[PDB]
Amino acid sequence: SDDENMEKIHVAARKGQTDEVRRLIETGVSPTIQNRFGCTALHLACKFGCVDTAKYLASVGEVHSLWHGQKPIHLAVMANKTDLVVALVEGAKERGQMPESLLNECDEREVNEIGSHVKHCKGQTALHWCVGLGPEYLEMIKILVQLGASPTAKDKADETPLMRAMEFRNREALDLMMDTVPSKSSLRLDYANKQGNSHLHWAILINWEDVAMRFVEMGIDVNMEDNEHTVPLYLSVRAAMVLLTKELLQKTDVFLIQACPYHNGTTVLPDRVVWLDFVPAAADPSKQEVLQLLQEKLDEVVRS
């Protein structure tokens, strides 16, 4: 009856029979009609290629169901055929939904290993996946980001794709995202993870000093405090990292320098410093230097 019709439309979707799908829909089979697993024609079009069928179905119906936790965009991305993703987007454009809204959807798929890495995640945008799936998916990352996929989209653990590329220390992905990104004022660098870490808080922890500077020159707020009241300046000092520190003293609000816990109101005390692990435990001129700079700035501020 109803189920005898959804059978026809799913078959046609699978076979790239746009003719035959249009025909079913003109005669009043609802486009988004599901099978017991929440699969719909569009899911199937995206799994199987079917650029033109996908383009069409995307224009007629927003899919509101998940198949093995996924929405038709997510399946298009893992298929790694780029024309189908543009199709999907232009289908949805005709219909009134914008690419940002569409491309930044989150799946509801629990995981314990993301391609080659070992991460637990309960929900993810497709830009996060790409970032985990190695360089076979670099070409997609480019296209997704040109289309309007946000390098600061939030997964269900409040992490962004940039944060994700940092964690998996995947540089090619991170540069591509920041260099491909049309705006550069479309990034939400005010987003912080479950422990209040910014992107700048990462990077320092990761020991990516030069990427950290690009964040600063993108006017990221340098006064964002994590859950433990920690401000990037403190991490910069602690990471050694001399050039970043000269710049964080410059830009950091004065109240936060006065309340810094590596001095006693007047002298810098190097024993109060818990250097990060990639920093040598022995002697180092950068260890000397950053604390000498912090002394200079403390003396300047204390005078007012």
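Each residue number is its position in the shown sequence, starting from 1.
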> Is the mean CA B factor in the deposited entry higher across 161-169 or across 218-226?
Replying inline: 218-226
>> Using only C-alpha atoms and the B-factors in the entry, which stretch averages higher, 182-190 or 230-238?
In response: 182-190
> Among 75, 131, 145, 98, which residue carries the highest C-alpha B-factor recorded in the PDB entry?
Replying inline: 98
> If you rank every modelled residue in this chain by C-alpha B factor, which third holds residue 203: lowest, middle or highest?
Replying inline: middle
> Going by the entry, which third of its chain does the Cα temperature factor of residue 154 land in?
Replying inline: middle
> Can you tell me which third, lowest, middle or highest, the CA B-factor of residue 127 falls into for its chain?
Replying inline: lowest
> By the record's CA B-factor, is residue 24 among the lowest, middle or highest third of residues in the chain?
Replying inline: lowest
> What third of the chain, by the recorded C-alpha B-factor, contains residue 283?
Replying inline: middle
